[PDB]
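Taking it in order: structure first as structure tokens, then the write-up.
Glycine also receives a Cβ, built like all others from the backbone with ideal geometry; neighbour counts cover every protein chain displayed. Every number here is computed from the coordinates shown, using simple stated rules; none is lab data.
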Amino acid sequence: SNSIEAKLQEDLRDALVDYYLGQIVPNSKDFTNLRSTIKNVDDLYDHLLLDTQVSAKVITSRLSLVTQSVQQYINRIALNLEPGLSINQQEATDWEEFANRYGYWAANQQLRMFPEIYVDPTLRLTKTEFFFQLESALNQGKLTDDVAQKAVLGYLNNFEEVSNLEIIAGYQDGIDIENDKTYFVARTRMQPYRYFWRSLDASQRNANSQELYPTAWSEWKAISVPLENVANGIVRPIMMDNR
Amino acid sequence: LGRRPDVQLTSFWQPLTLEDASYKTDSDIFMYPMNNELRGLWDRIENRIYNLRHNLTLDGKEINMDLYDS
Amino acid sequence: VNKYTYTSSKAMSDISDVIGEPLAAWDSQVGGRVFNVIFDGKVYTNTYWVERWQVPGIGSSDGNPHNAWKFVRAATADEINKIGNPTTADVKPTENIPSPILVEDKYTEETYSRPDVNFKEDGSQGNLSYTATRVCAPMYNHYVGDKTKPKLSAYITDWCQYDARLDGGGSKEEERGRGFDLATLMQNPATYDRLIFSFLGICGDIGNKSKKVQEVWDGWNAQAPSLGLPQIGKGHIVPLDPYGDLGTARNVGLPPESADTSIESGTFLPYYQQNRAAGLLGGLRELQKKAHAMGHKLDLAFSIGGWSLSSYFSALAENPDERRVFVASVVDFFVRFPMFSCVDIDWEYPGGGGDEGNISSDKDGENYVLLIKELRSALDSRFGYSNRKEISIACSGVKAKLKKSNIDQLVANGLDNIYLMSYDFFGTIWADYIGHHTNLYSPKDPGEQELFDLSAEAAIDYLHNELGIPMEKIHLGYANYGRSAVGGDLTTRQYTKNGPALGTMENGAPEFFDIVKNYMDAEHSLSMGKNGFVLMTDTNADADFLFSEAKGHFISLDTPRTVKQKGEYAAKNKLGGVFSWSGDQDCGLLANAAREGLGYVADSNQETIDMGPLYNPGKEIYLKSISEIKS
Amino acid sequence: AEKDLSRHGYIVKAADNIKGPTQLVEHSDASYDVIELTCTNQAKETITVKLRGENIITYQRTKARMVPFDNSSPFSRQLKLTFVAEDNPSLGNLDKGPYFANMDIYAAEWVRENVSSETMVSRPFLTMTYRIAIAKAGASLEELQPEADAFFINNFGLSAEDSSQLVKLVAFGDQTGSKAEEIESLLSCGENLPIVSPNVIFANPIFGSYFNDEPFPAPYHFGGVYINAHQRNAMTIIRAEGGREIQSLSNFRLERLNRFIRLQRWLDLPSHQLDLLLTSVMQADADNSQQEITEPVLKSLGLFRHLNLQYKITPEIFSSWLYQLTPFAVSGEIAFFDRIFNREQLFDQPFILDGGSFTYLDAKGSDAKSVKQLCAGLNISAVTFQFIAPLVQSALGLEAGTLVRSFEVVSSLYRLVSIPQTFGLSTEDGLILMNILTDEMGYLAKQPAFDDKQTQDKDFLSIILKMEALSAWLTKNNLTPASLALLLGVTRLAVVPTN
Amino acid sequence: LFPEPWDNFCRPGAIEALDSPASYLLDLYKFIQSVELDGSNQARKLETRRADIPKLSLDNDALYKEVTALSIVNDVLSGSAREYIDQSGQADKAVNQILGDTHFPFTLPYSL
């Protein structure tokens, strides 16, 4: 049986191992400073795949292991190890949310393919308290044509906020605003004054477009804490560290 | 109308390295016949038609009546 | 691939197996279709592609550069009546221009206007032009894989770099300099099979430029301790100008992105690696990337030594360990830039020659053989056969010193290739008489072909016959500049010694592209001498040249037709390979011609530009050999 | 296949009222011949016109250099004509034949043509039929020639104008009441490309040149030829525009197709075998050139219909009894000759059907070994095979005991093999019965054909009827054919005196 | 004609099939390659694709090929190391195996 030769490959493991410890450690022009790496398992991470003596005559896919190793790399970066471009957290989360697994990733791809088949926005990313107001309209009583009246009243007051607002504050981020996001702030033009903030990301347009993706501005998030008695009646925001 | 396209043909899936020196940003695609399921409208339509030719599972039976109690 | 069709008809009753074709007088036939045209009562078929200067008359057993525009004389007098028989003709430049050729340069016109330059088409007011290469057009057709034919190569140099006319300039020759973006060839890559950047050098070189060697050695020696790397002595190889090579964006086909041109000799050293390589060399790698995106990988190469940096060759001779350290620097470079298909050496004088700064002894040749063998050994010791490199050196064609080069032992020691310098035979500033600086072919009366009439074929035959070396290991090419000579008399080849001669930038060394601008043309689908400057060709040696009487100024130069002659010969030989020296200053038409000479075939019916009409000869004449004239 | 047509010439089709040459020449000082034609008025007044005629050829060649021109080969050959007022200026005559009569052309080759008294003579191989109009008024094509639209009503439900829409595949299927795939399969446009055995090389092999861009076998050369005029521009699927599309119009073909489909619905089998059959029957009498059905065709139809319904005979077998048999196959499908022979491969070389230039009397050359292999494929004793060999050679009129390569004799042989075993008859039983029937030997070897005259010896069809029926009667009698032949005295023996 | 004639203009998208990236999910190589360039946008103390000594765009058919042989593939990966070990001291003659039997640190046991 092949099992007979199936030892040789473990021997070959050992061979490589010694070629590492014996030759690489003193002859590594790579990694010449760095040492440690005393044990076989180490480089399976540091520069190799999860390359283990486990064999058991188990059939395995190049595709799959390459992927898994890619995952290794990703995670070695996800957790702070050897300095990696640890991307912004939302991207990292997407990695664990979808690229964590084929079917996970695959489904993500599926959606990103779909022009529309079943996106059916009975709910959606988009929101304003309009949405809960709407729901309230939906859930009150029994449905009727008049219900939209209430929705438009919602609209009314919200658009009151839209129209007559001290659109005067905000912040400009880095120099990247030729390409990306920054933030904005405004206030009621009448006391007792109220304040809100939103943002916009210039990446949301085509490479050659000047029209922009309808995602556009974030909402005018109402300020929570009391704000009054400010010397000039003007206030300053800034954002850092995703706060 | 049941307008139909051709197959998600093989063309020739080509085994070749992956780089923008190979893949192209332009500044092509790599199928298998599976991107479908959309046709369900047509499908249900056709079924309905066949169940006009007959009936959606079997054909039923009628009901009767009564006298003076009526 | 290209494809074309024609058709013929007959009465329904008659079916010729042959392609019937309309009987007609000859007149400016052309193309691929059958022609049986009649002339001088004879009837003529060019069983090969037809060209507007080609004539069936001479063609009876001629009419193409290789064989008969064959004929019969079946025509009767009444055929000679129904058709008005031709008996002589001359093709003219057409009135239209079938293709654009080039674009003017504001700054070059300004240059001509400069009160120092004072350049004029006739050169009367100004013997030099310093014309910017930017005048040039892309000029590359496209071609089939054609794998069997010998490889194609071109030389490349730092003179691509700068023309401060791009930077205003206006006062000095380099401000009126030359240079081009490799983007040019990038537009349609795989233009060649191999390339060779110009000869670089080593620490300890002796020639004029050695102050550069000093500077770069200083930068290195300063960086090395800070890098935590060993210091270097003489014999270590030099890049000459890493800031040019990498600290660049203009002329190097890449966005100014990441072009830290501020970096230089004192600072580049960490970047001195292909991965890090910005600028020129990195771009070369990227071009190779595009190339492979197509396929047919280029032999990327360069060399070291050469005409102006050979000086230390003798000095390094007989210093075996420093020679070792040098080749160590070679393999180190390989590791730093494993992209390279190969690189080579440009020793030029086994026996002394060229610039006198190249001090030399006799033993030089022997020592050179020995060290060469040792290089081979070291190389083999480094390389994996799957990725092996194989080395070449040029040769000067100096009938004796080439022998002194001991090619036999070099071959026996695995030097795989040789590139014969086939140009500048005419040392115009010092040569006794005018001659063709690049003639492959032996003129009649070979009695004086020793320092003159130096038909490269002679050395070729020495190598083949007198040394048994297979042609595979030897390569030939052409250069894209002629010679210019004052007061020459075409009858005697005597000429005005020392008198200043034409060059845009290099007197006595007229620059091809600018010749196309000024003296020669093709806009009217022909080889067209222009501006009163004579287009001319000699039957003795198949020689080709140009002249102007008002200054008795002569120009010896290769041509599309003449490089055709060359490549055709080389192809018939099935040489090891073909290349062009100074490829930096041809639009590429000569490269397309080189493809033709290689028999390298185009892949489409469309063109960047035509090429056939470029093969009409110039003013025919017979020039006596130097021996013939003196005898 | 096989046939060279590089010197073929277009021929005036024996026209009583049209003029032009009818014979070919090796050479003449003639750019074009000329043709003169009787024009005809609608009210049958008579008119005439004249035209130029054109043998024409065309060819491809890459631009290159240092390579000689015209490395000639047989290649594309084509025809056209032209009219000009210089040919005739009588014009302006709606009242005198804007519409006019047909024009018709033969297509022939002129070559050595005699069994022994050889001389270069012409024989046709194709016909071409045309009708032409003087568009004096530029009238409607159905103002002129107006019957077709009525026909398109009564068997196309639709107008000539509507026919334009038919080019759309869906319009086609819809008027057809039938699935487009059926048409596509009729057109073989699928991946089901034709196939052919390695063991045959067709002569005149103008195939495989860098310019022989046509696929081989061609459809207008195999599988569905009838759906086209044996003509290069076979209709096919073409790229979508306003949806997927059909190659091109040929109302002529379209009727032929409509007809075929109608038949096919009664023929049950797929189209390709049907084509093979109808083609073979067309081939069975060269008198026709219209590739049309005939009474004999009908006879063959009923013949197969009955035969196969009775005894599961395959169309291939049937058509093979009628004519040569396929070395071709569809994709995956297997050639008939190979299945008959190279099915078994008990030898160093699979016998190529291009082989057989030999002589069957002696077992010597490997060709004799082939003869053995062929006989074994025919499941026969080689000695009885050699009983047949002279008989068939004689039917061919071949001489010197020689074997000849051609499948044709092999086919006659195979018929002779098959016909008896179709009823359990021995080869020689078939011989006996054939003699009993025809009063002659070898008719089953004789190549089938059709004739106007009553000649039961050549009506193989009713011959077959009588054969099988009367052999069944012999079965009812439970007797050997030889015994019966002696009874009829068609076989005879001496009566030498003795003790 | 008919009043208000029906007109479901399935306006001509010339509908044609589209590749799933899940098939050939390895195209994930694209994403990660981009992310690799992002990683490459860091201080020069990081090995990036040269941390990836193991792989190359082996963009080939492998619908099924599974075996434990990838272990051996890891030996071929060791091929790289031995090649530089040759670049430390030349050899090309299966010496990595042959020398496998010769030295310290390990026993350096018998080779294949």
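When residue D:38 is evaluated against the numbered criteria (1) part of a strand (DSSP E or B); (2) surrounded by fewer than 16 Cβ atoms within 10 Å (Cβ to Cβ), which criterion, by number, is the only one it fails? The failed condition is (2). Residues in region C:364-389 that are in a loop (DSSP other than H, G, I, E, B) and either surrounded by 16 or more Cβ atoms within 10 Å (Cβ to Cβ) or touching a helix residue (DSSP H, G or I) at 6+ places or on another chain (Cβ under 6 Å) (or both): C:383, C:389. Which of the numbered conditions does residue A:207 fail, given that it passes all the others? Conditions: (1) closer than 24 Å to residue A:127 by Cα; (2) of a type in the set (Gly, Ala, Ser); (3) in contact with a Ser or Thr (Cβ under 9 Å, 6 or more places away or on another chain). Here residue A:207 clears every test but (1).
Would you confirm whether or not region D:146-165 contains a residue that is closer than 21 Å to residue D:271 by Cβ and touching a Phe, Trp or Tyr at 6+ places or on another chain (Cβ under 9 Å)? Taking every residue of region D:146-165 in turn, none turns out to be closer than 21 Å to residue D:271 by Cβ and touching a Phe, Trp or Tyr at 6+ places or on another chain (Cβ under 9 Å).
Selection of region A:80-92 for residues being under 15 Å from the mean Cα position of the chain (by Cα) and more than 7 Å from chain E (Cβ to nearest Cβ) yields A:86, A:88, A:89, A:90, A:91, A:92. Name, by its number, the condition in (1) surrounded by 13 or more Cβ atoms within 10 Å (Cβ to Cβ); (2) closer than 30 Å to residue A:241 by Cβ that does not hold for residue A:174. Of everything listed in (1) surrounded by 13 or more Cβ atoms within 10 Å (Cβ to Cβ); (2) closer than 30 Å to residue A:241 by Cβ, residue A:174 misses just condition (1). From the list C:41, C:84, C:57, the one residue that fits, being surrounded by fewer than 15 Cβ atoms within 10 Å (Cβ to Cβ), of a type in the set (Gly, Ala, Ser) and either over 30 Å from residue D:22 (Cβ atoms) or in contact with a strand residue (DSSP E or B) (Cβ under 7 Å, 6 or more places away or on another chain) (or both), is C:84.
I'd like to check something: does region A:15-30 contain any residue that is at the interface with chain E (Cβ under 7 Å from one of its Cβ atoms), in a loop (DSSP other than H, G, I, E, B) and either more than 14 Å from residue E:70 (Cα to Cα) or not hydroxyl-bearing (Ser, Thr, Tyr) (or both)? Checked against the condition, which is being at the interface with chain E (Cβ under 7 Å from one of its Cβ atoms), in a loop (DSSP other than H, G, I, E, B) and either more than 14 Å from residue E:70 (Cα to Cα) or not hydroxyl-bearing (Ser, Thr, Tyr) (or both), region A:15-30 yields no hits at all. Given the options D:366, D:289, name the one that is in contact with a strand residue (DSSP E or B) (Cβ under 7 Å, 6 or more places away or on another chain) and at negative phi. D:289 is the lone residue from the list that is in contact with a strand residue (DSSP E or B) (Cβ under 7 Å, 6 or more places away or on another chain) and at negative phi.
When the residues of region C:482-510 are filtered to those that are farther than 21 Å from residue C:590 by Cα and in contact with a helix residue (DSSP H, G or I) (Cβ under 7 Å, 6 or more places away or on another chain), the one that is surrounded by the fewest Cβ atoms within 10 Å (Cβ to Cβ) is C:492.
Residues of region E:1-39 that are part of a loop (DSSP other than H, G, I, E, B) and closer than 30 Å to residue A:96 by Cα: E:17, E:18, E:19, E:20, E:21, E:22, E:23, E:24.
Within region B:15-27, does at least one residue satisfy the condition of being facing chain E (nearest Cβ under 9 Å), over 13 Å from the mean Cα position of the chain (by Cα) and either exposed (fewer than 12 other Cβ atoms within 10 Å of the Cβ) or β-branched (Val, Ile, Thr) (or both)? Among the residues of region B:15-27, at least one is facing chain E (nearest Cβ under 9 Å), over 13 Å from the mean Cα position of the chain (by Cα) and either exposed (fewer than 12 other Cβ atoms within 10 Å of the Cβ) or β-branched (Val, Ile, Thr) (or both), which makes the answer yes. When you check residue C:277 against the structure, is it closer than 26 Å to residue C:184 by Cβ and more than 14 Å from chain B (Cβ to nearest Cβ), yes or no? For residue C:277, the condition - closer than 26 Å to residue C:184 by Cβ and more than 14 Å from chain B (Cβ to nearest Cβ) - is met. The set of residues in region E:46-65 that are exposed (fewer than 14 other Cβ atoms within 10 Å of the Cβ), among the charged types (D, E, K, R) and more than 7 Å from every other protein chain (Cβ to nearest Cβ) contains only E:50. Looking across region E:66-89 at every residue that is outside any helix (DSSP H, G or I) and at the interface with another protein chain (Cβ under 7 Å from one of its Cβ atoms), the one that is nearest to the chain's Cα centre (by Cα) is identified as E:66. Just checking, does region A:48-63 include any residue being more than 30 Å from residue E:105 (Cα to Cα) and part of a helix (DSSP H, G or I)? Looking for residues that are more than 30 Å from residue E:105 (Cα to Cα) and part of a helix (DSSP H, G or I), one finds at least one in region A:48-63, hence yes.
Of the set (1) farther than 30 Å from residue C:319 by Cα; (2) touching a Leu at 6+ places or on another chain (Cβ under 6 Å), all apply to residue C:199 but (1).
Among the residues of region C:1-30, which ones are surrounded by fewer than 18 Cβ atoms within 10 Å (Cβ to Cβ), more than 29 Å from residue D:34 (Cβ to Cβ) and more than 8 Å from chain D (Cβ to nearest Cβ)? Passing the criteria: C:27, C:28, C:30. Checked against the criterion of being among the acidic types (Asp, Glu), in a loop (DSSP other than H, G, I, E, B) and loosely packed, with under 15 Cβ neighbours inside 10 Å, the candidates C:104, C:121, C:109 yield just one match: C:104. Taken as a whole, the structure leaves residue D:30 outside the set of residues that are surrounded by fewer than 17 Cβ atoms within 10 Å (Cβ to Cβ), of a type in the set (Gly, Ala, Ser) and over 20 Å from residue C:7 (Cα atoms). Residues that are over 18 Å from the mean Cα position of the chain (by Cα) and aliphatic (A, V, I, L, M) within region C:172-227 comprise C:183, C:186, C:200, C:202, C:206, C:213, C:216, C:222, C:224, C:227, listed in sequence order. Just for region B:28-56: of the residues that are farther than 18 Å from residue E:24 by Cα and of a type in the set (A, V, I, L, M), which one is nearest to the other protein chains (Cβ to nearest Cβ)? Ranking the qualifying residues of region B:28-56, first place goes to B:38.
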